[PDB]
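>>> Give me the fold of what follows.
(chains A, B, C, D, E, F, G, H, I, J, K, L, M, N and O)
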Amino acid sequence: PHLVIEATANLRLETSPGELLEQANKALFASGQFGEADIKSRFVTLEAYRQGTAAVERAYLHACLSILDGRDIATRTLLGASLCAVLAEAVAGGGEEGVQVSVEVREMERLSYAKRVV
Amino acid sequence: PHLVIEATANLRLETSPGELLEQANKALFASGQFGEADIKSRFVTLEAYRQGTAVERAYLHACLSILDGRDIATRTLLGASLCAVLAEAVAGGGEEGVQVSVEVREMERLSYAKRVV
Amino acid sequence: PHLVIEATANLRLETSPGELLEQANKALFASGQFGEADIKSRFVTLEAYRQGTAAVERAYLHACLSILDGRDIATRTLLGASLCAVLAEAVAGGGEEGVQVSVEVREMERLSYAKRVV
Amino acid sequence: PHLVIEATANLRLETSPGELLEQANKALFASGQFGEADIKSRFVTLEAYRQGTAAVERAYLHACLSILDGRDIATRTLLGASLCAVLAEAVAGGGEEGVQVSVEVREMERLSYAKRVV
Amino acid sequence: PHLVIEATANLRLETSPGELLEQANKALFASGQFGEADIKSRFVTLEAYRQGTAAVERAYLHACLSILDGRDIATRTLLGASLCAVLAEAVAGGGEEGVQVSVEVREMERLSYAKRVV
Amino acid sequence: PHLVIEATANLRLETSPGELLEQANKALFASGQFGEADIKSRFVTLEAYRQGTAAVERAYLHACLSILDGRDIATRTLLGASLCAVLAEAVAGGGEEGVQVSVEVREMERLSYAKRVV
Amino acid sequence: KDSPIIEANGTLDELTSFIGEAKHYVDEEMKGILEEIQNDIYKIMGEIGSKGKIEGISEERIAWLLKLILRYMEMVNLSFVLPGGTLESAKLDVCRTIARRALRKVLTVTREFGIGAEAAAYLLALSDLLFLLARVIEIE
Amino acid sequence: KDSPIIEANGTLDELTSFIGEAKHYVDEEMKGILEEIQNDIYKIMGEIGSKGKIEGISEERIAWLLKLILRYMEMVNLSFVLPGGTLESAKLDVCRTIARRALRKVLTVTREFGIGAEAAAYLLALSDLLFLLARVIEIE
Amino acid sequence: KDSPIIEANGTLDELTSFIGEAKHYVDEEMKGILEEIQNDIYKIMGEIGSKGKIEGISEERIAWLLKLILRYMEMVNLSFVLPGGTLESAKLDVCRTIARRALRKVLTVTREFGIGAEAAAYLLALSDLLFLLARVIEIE
Amino acid sequence: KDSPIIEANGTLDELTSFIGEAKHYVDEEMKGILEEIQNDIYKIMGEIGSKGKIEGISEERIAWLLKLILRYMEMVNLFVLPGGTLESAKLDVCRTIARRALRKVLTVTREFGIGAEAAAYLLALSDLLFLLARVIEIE
Amino acid sequence: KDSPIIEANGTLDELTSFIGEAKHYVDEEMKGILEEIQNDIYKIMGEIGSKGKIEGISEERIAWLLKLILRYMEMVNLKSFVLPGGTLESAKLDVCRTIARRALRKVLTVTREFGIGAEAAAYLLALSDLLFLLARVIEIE
Amino acid sequence: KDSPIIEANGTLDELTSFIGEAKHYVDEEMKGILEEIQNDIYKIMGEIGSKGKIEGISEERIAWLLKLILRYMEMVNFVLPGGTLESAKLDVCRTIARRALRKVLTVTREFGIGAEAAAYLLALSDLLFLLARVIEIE
Amino acid sequence: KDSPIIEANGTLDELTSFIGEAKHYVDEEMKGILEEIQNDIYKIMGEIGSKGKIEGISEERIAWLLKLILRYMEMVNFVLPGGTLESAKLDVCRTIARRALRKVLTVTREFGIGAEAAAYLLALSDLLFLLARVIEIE
Amino acid sequence: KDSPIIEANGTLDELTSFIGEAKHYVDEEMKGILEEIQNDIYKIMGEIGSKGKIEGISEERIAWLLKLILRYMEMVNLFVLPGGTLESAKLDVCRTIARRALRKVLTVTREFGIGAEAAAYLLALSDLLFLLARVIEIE
Amino acid sequence: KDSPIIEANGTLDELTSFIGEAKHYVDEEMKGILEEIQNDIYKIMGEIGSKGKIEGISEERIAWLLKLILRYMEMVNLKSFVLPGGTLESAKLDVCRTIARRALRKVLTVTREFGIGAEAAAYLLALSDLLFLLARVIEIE
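Numbers count the residues shown, from 1 in each chain, chains lettered A, B, ... in the order given. The relevant structure is shown in the block below.
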């Protein structure tokens, strides 16, 4: 699976981005749906970002988990909930209000997916 | 909804990326489909890019991610609004015209997790 | 179509990202499914990245090809295989073991897709 | 059609197997479902036989009628009943109790059936 | 039900055909699908027989169990397996190689089946 | 597969039952549908037999081929035709008229079929 | 000559007739806007009747609708109101509801034939603009 | 009491109501024509609601419509125009579109029950006449 | 977001818009009655759009409609008449036909989802009251 | 009153009854955990029976389950036959019945679009029951 | 031979086995009640397996169940919903109640498809109520 | 996977769990028999879940079941289920084995696999009945 | 005529045309065999097109095919198709015979006619394989 | 992108390829005729693939085919086994594949109402191919 | 045993036979390429006939096809559509290409109905492209 974590530059985290990625990888591996070395995570910081139309500076944290198809909505919902809990635990603050944390779980088509090891 | 705007480094904009994000958020909120604080937009500049196999080119691509349950009319209108807003912000780039595209993709609502800290 | 190539910072390539994108664009155009100027490729380097839970250093290369809907699984699989071969032939090494190279081919909705030339 | 009559060695018949086969053939031809020369009957005596698990001497008479497909359950039931009546009238006795007489009408596949006259 | 056991003349059995039929009848009655006196078994020795095309001395033991329709594939498979186990246990040897033991379970049409007691 | 050849006592054959079974086994193996060692053939002579109701001396030759299910009607018809041709070629004469030769191809349920090698 | 095609064309003709009826109660600029809308609806009707053989509206029509929508949202501040504060705004409310009906018909056509997505987007934006115009008339 | 029957009767009632609304903007001759049209539509409604048991309109009604159509085509010379050049003509354009909707409903009834072919022909001729009358008012 | 739900809400919106258009031709008492009717239709729309999650109209609304129906039946003595004796009554005739169309849509919703029986009863009583009001305006 | 709704509610009732049976063979901490699980299952039963009209469990229940799962995974060496001891056998039975309830709720979710969080909770509950059985076997 | 018949008979066998398991944790009076219930369930299974050709339970069995239900409601006073299995013996009867509900669903399917077993379904419903009451009585005691 | 496959695997897992629960009330010989039965059911679950790709149980497992069935039939000569608690556990296991047999029969009708598994489950239900009666007699 | 009948007749016509094309690369005896096969196909085509009213091939045609098959198996002891051009022609003919067999099998399943034609096509495919291998060996 | 459209285009491509393969065994006049036939099949393929949006062949193409057909019946004595000569066998194969393409185009016409003129052209083409094979055999 | 499986294997056998027929008109390099293609198609037939229980072609086969496609595209310059069969050898390859498209359609049906053969379909598509390129190369030469 592929995990992309997007955080705004004004967002403050309790731990480092690497520690957050390690915690997220442990949470994903705890599900039992993935091989250990197949879990690939990456953290991206956003420098140009807007939330809403109000003149209030905010922070948000979004993660997209891409998995191969064939898993049920129960598994997908549980993976999303696990990732969201980990991310919310990792958030310290940012902005003058609450930080919105959201997780997407999307399916990659298995038949057309290509994979090599060099 | 989530909006990612990807622009090549050689693309010139009439306004700053922040002002472009402001305009895009206003256009999205004008549709009446989203809550005000739920619209999250982000601008990314591409440093390594190639368009085609031939000539210097620039392109501007945006992806709008919304939760499922909206009809193709709403999705097409959102795409058209975003494309118009982006096109009005392009000053030029490269030696040809700038291709501006907006893709609207649906996120699965049942498995979508959301929390406020 | 849109091609996003994501590589970890420790990944070593045989040639620079510019020639990698040239090779990828030539491979995509060789399929005959796209116009010449419609192929838009981009290379992103990942600075914060974890792979798995073990302590061994790893590198991975991921590409996502986005095409408009209406093409069959044969075409999608062939595009994925072409991209995967081009990417694997461009990897010199990275990490302390083999580099995993993966390619996703996902369809974009054609009806709601907006496009214009400025 | 093909008729195979199986009788235990201890079974006593009122008439000899030849007359039994003659009566069976007349009963089969009386139905009008078969050509005269197509009715082929055969009598087999069983020397190694057991009925049930009790230590009681028993005798049984079994017949199997094989016909080509395309006849209804009414015709098959009538053929079985006619054969069973003829066989029951042919039984004089045998064993220490009553003789069980049974007739099966099994249905041959006409499409793959090969037939030749030398 | 009806059980027909066919053995080649060169096949050697641990017990005589009488005890073989007793064991087969006990195995059939142990299933609980049949009445005690309805189990009719018979043993036939084959004098003219060939197995395959090679010039190798061979022996085989085949049994066909005929039951009335209306029983499930689980019951039919269990009956076949029980009969095959009994027959294999009863085989002492024969020929220049291993003895092939096979059991057929075939269903007789219950609707057209005729049965009478004299 | 199982092949049982039934012949009347008055039927005269060009070759002995052993050569007849060899020819039948070669014909069956030439089809390519069976393993060499799985073809089991057997010849039975009928001592008590009547054909039809007329007082005419007659002879007939019948064979039943039992194969496992899953084969098409083309294959079954070809097997029947090959067996019938071999049997008719093996017939020298018998009775006061022509000898009727017939071949049945019947399918055994593969799912409940039991088989062991001792 | 499919049933959904005929229904969508009939409903679009109904919308055009109602807009032509309502354009006699508005001022000059709104009347010109409504005539432009009628021409756009006629192009949509041709495109749908041809089943996509003839080209329909362009994206600059939808852009023009969106620009008008933004301009009039700059002037509209609402709470809940009943339709038809005045007769002029009631006419536009009727036009809005018939535009929604035409949007439903065109959505059925799009789901069954893969055509008319831009027409459906135009109809949705047109319904939004008609709502805004009715509220503007009430405010003025 | 079938669903298509109820739909056709409802749409015909709607057409009658819209014609009765529009007849207050025309002159005496057109008002009398529209009243006769309303009576014919009521006969059609009775025939359809009875599901063919009660006799509907006669052929001389369609002949009268065709005579009016020819008379008004003698006065109409058109190119393409938008509906509603005047308010009175816009009313008749709305009536024409609703007449076509009623024609669709009656055609569904005819396809499913074998009744109402003459009613459908009358509705088609009525839509043609309404178009002609709208153009006549626009010219005048 | 079911097709019958969307169709029923759209038709109820059409009915509300037409009632708001027609309320500008009646006196103060009928105008207040029609505004109350519009509010009731909005409650019905909320109930249907929620698919029964949000409560709709109460029984005292139907009682109020029936009381008005009895009051106006005390004043109406009819034989057969054509719709639209005056423009004011023609507006209410159009409203009645659209109310019957909305009743058909709500009946479809009720048959498929088991909700909206009170809404359908309200729409039936509303159509009866609209007929009575049109006849009252014609008499006056 | 739909057939899948009735079947899912019945299976959840079965799961609650079996958990109540099994909670009399565990220690105080596990008994409290199982009582909390029973309360959560009752909440899920209410929201399913109301066809989504009544709100169900919150995300912090699934978070609590995941925290317990991680805690117990930290002490489990994770093939054995089910029921090394009677106490772990009871939890294995509860785990299989939780899987059955998960299947029923998945059918309800596929047909009506409700109960995704309930299905995720049931999946996490089955994982936790497996871990608890292994913990009892180890102890 | 019909799949609903096989499922209903299997589920009723399951109910009988679970009741037989649970009857070893109750006192003599409740054990006798449960044995009579098992005999009634055997009668019901004969009815269902025969597909109505063999007579099933009589109405006096349902009357006996109702008498027990009222007798035990006279002893049960609950103020709110309680978690199943306050005691192990009551937990066994709660499991029996849930399996009785499952058997009731299966017999309802059989009745809805074949027109037989309405009295059996009524008996299963009354049995579920009685099992709930017995579990609460054991908890109170 | 397919709905019948998932249902059959779940029911077989439930049967294994119930057998593991019941094996703590029997003696050493029956406990060993039940553990071997659990291993066989795991093998059956593997072959069912793989949709026949992985080989399942062999015929000598069914032969072993039939040998036990005969051995316990020669020791057993109408009673309510659960004469004792130990026999009641095996009665519950037998009913759940029949439920698993129904699920596996559905799988066999749908996909043509698992006939030997269904035969094993039928023989297992017969053996469980015999074992319950043996405990009741003892 | 029905669509399966038309498809089967068309595919049999294709097979006949391909056999006529391939018979110009073989020797005299195989050319005569292929001409006899072409006549047999035409009888099969007639009986298929008539939907069973016109009698088709007799059993001695299938006997002749089986005699040829045995004779050529006496001379034939995995290779890619088309070791030579002559054998490649017969391999193409064999594949088209397989396609015609599929069409005739569809006709037989839907209308109960053409079992002997399907058996002839199966034997013809076997004989074409044998002839291709014989040409490769020679 | 419908299944019958794709299948008809594939079969027409097959027919064109076989005609191009067989045109190397005939004389100059027949080779030119076959080249014009291939161009007509291109127009037919474009028309069918475009769902009738692109115009296909005109009626003068069918008229040209009919004129050739009568011209060649004037010199053909018109059953024989296909492939009296190798050149005529090639045209017999082309004729059978033209019949197959005609079947596919008839299917396309039955669902979509397009390609009646293409089907008529294919029928006339099969007749002409039969006549040309017989002409080669006679010559 | 399934109709689409039988149809796909028959069409693949037809493609293999036509390729074997056409390989006798090309030079040594193209003949070796076509023999490798025949071996790959036989591997695909095994995979399809086993319905996925036997592993099929690997990704390096498709990579080899793509490398050949690029190599021959470097040597092909076309300005407009041309009639198939400029020479007899190229006509053979055009026929092979059309039959490869037919086999691709059959394998696509198999993939849609059973979820197997995506790599086989990709191989068939690349093979169609390569056959087109080889025919054009023969015409140019």
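
>>> how about residue 37, what does it touch?
Picking chain A for this. Residue A:37 sits next to C:51-52, C:54, C:58, C:100 when contact means Cβ atoms under 8 Å, 6 or more residues apart in numbering or on different chains. For every residue, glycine as well, the C-beta is placed using N, CA and C.

>>> That was the other one, I meant chain G.
G:19, G:126.

>>> same question, residue G:69
Applying Cβ under 8 Å, 6+ apart, the residues contacting residue G:69 are B:30, G:125, G:128-129, G:132.

>>> go with 6 Å
In this structure, residue G:69 makes contact with G:128-129, judged by Cβ atoms under 6 Å, 6 or more residues apart in numbering or on different chains.

>>> which SSE is it in?
Remark: residue G:69 resides in helix G:59-73, with elements defined by DSSP states H and E.

>>> Show me what secondary structure element comes after that helix.
helix G:87-113.

>>> continuing past that following helix, what's the next helix or strand?
Secondary structure here is assigned by DSSP H and E; on that basis, the next helix or strand after helix G:87-113 toward the C-terminus is helix G:117-139.

>>> that's a strand at residue G:26, yeah?
No. Looking at residue G:26 with DSSP: H, G, I helix; E, B strand; the rest coil, it is coil, so not inside a strand.

>>> What sits closest to the residue in chain G positioned nearest to chain L if chain neighbours are left out?
Taking Cβ to the nearest Cβ as the measure, chain G has residue G:111 as its residue closest to chain L, at 28.7 Å. Leaving aside its chain neighbours, residue G:111 sits nearest to residue B:72 (7.8 Å; criterion: Cβ to Cβ, 6 or more residues apart in numbering or on different chains).

>>> And residue G:103, by the same measure?
Counting by Cβ to Cβ, 6+ apart, residue G:123 is the residue found nearest to residue G:103 once chain neighbours are left out, at 4.0 Å.

>>> same question, residue G:124
Once chain neighbours are set aside, the closest to residue G:124 by Cβ to Cβ, 6+ apart is residue B:73, at 4.9 Å.

>>> Can you say which helix or strand has that neighbour in it?
Here residue B:73 is covered by helix B:72-88, with elements defined by DSSP H and E.

>>> Include neighbour count when you put the contacts of residue A:37 into a markdown table, please.
A markdown table is the format used below for those (neighbours: other Cβ atoms under 10 Å in any protein chain shown):
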| residue | neighbour count |
| --- | --- |
| C:51 | 22 |
| C:52 | 21 |
| C:54 | 10 |
| C:58 | 21 |
| C:100 | 21 |
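
>>> In contact with residue 8, which residues?
Using chain A. Neighbouring residues of residue A:8 by Cβ under 6 Å, 6+ apart: A:46, A:49, A:59-60.

>>> please go with chain G instead
Contacts for residue G:8 were tallied using Cβ under 6 Å, 6+ apart; they are G:48, G:105-106, G:109.

>>> wait, which of these is closest to residue I:77?
residue G:105 (42.6 Å; Cβ to Cβ).

>>> so how far is residue K:131 from the closest one?
Residue G:105 sits 57 Å away from residue K:131, taking Cβ to Cβ, to the nearest Å as the criterion.

>>> Unless I misread the structure, residue G:20 falls within a helix.
Yes. Counting by three-state DSSP, one finds residue G:20 located in a helix.

>>> so it touches residue H:83, yeah?
Yes. Counting by Cβ atoms under 6 Å, residue H:83 is a contact partner of residue G:20 at 4.0 Å.

>>> Excluding chain neighbours, give the residue nearest to residue G:92 in space.
Taking Cβ to Cβ, 6+ apart, and ignoring the residues beside it in sequence, residue G:92 has residue G:134 as its nearest neighbour in space, at 4.0 Å.

>>> Actually, residue G:20.
Here the nearest residue to residue G:20 in space, its sequence neighbours aside, is residue H:84; by Cβ to Cβ, 6+ apart that works out to 2.4 Å.

>>> Pretty sure that neighbour sits against residue G:18.
No. Under the contact definition of Cβ under 6 Å, residue H:84 does not touch residue G:18, with a separation of 8.7 Å.
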